[PDB]
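See structure below.
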Amino acid sequence: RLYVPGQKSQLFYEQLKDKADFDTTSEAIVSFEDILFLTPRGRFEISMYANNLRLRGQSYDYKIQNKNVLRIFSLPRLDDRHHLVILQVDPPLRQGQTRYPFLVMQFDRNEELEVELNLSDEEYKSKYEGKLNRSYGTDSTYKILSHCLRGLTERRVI
DNA sequence: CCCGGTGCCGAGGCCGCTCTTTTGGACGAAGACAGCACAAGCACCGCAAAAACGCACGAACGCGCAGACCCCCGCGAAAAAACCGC
């Protein structure tokens, strides 16, 4: 990864791409950017795969297997403005000494997101039909995330 | 003062019974024992852990800047209803 300052990186990319005809690719069934975690404290991108969940953070990357997710809680905060999504993980995530058996995410209730799943029509029909929607309309981010987590981990949302 | 005779007390006889000691001399070898399990507490060593303090670092908030928005300010009109009277 290069950092090219100035208004310059797009021209640099175009020349390189044209030189060897580089073809862009798309991975991860679904990604959610800029999610606020209360525990661990910080902001994380959540990338979901068939067998595993990735949390990408500026200082810490975590790979959680879908089997290690024991429980999903979807709980409204009493402030009537934020919604909490809570993951119980076993083994608990580690940052050094004390650990994170619970991941606490905080959403705004008014935050809406539109998301298309990165799946082929044959794989969707065979594995995910009736578990996931092919496209989610502009609904609240925490609902889409809770449904995706339910479909991929096969855990009931509490 | 005297006679007839009987039933009452004495020191002793004797009978059936209960209590006591004893059961030959010398020698050898082997085998199994000879208070215990149980009890609370003293004086002491040790590990697991608390409430709080000290340090490091990463991100979400403040600061700074250029932009879009509508609260705020100012204006004029109409008359509901508040303040006064008997």
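Here, A, B, ... name the chains of the structure tokens in the order displayed, residue numbers run from 1 inside each chain, and ligands are numbered from 1 in the same displayed order.
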
Distance table requested - chain A against chain B, cut-off 9 Å, only C-alpha atoms (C1' of nucleotides): one row per qualifying residue with the closest atom pair and its distance in Å to one decimal, ordered by chain and rising residue number, as a Markdown table.
```
| residue | atom | partner | partner_atom | distance |
| --- | --- | --- | --- | --- |
| A:41 | CA | B:59 | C1' | 8.7 |
| A:42 | CA | B:59 | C1' | 6.5 |
| A:43 | CA | B:59 | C1' | 7.9 |
| A:58 | CA | B:58 | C1' | 8.7 |
| A:59 | CA | B:58 | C1' | 7.9 |
```

Residues just named, written with C-alpha atoms as a PDB file, in the first residue's frame:
```pdb
ATOM      1  CA  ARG A  41     -13.636   0.531  22.640  1.00  0.00           C
ATOM      2  CA  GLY A  42     -12.963   1.661  19.035  1.00  0.00           C
ATOM      3  CA  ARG A  43     -14.203   1.721  15.424  1.00  0.00           C
ATOM      4  CA  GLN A  58      -6.726   0.611  12.843  1.00  0.00           C
ATOM      5  CA  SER A  59      -4.614  -1.130  15.525  1.00  0.00           C
TER       6      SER A  59
END
```

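One distance worth recording is that between CA of residue 44 in chain A and CA of residue 88 in chain A, which is 16.9 Å.
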
field: All strand (DSSP E) residues (DSSP, backbone) inside range 24-156 of chain A, as a PyMOL selection string
entry: chain A and resi 30-39+41-48+52-56+61-65+69-76+82-94+99-108+112-116+135-140
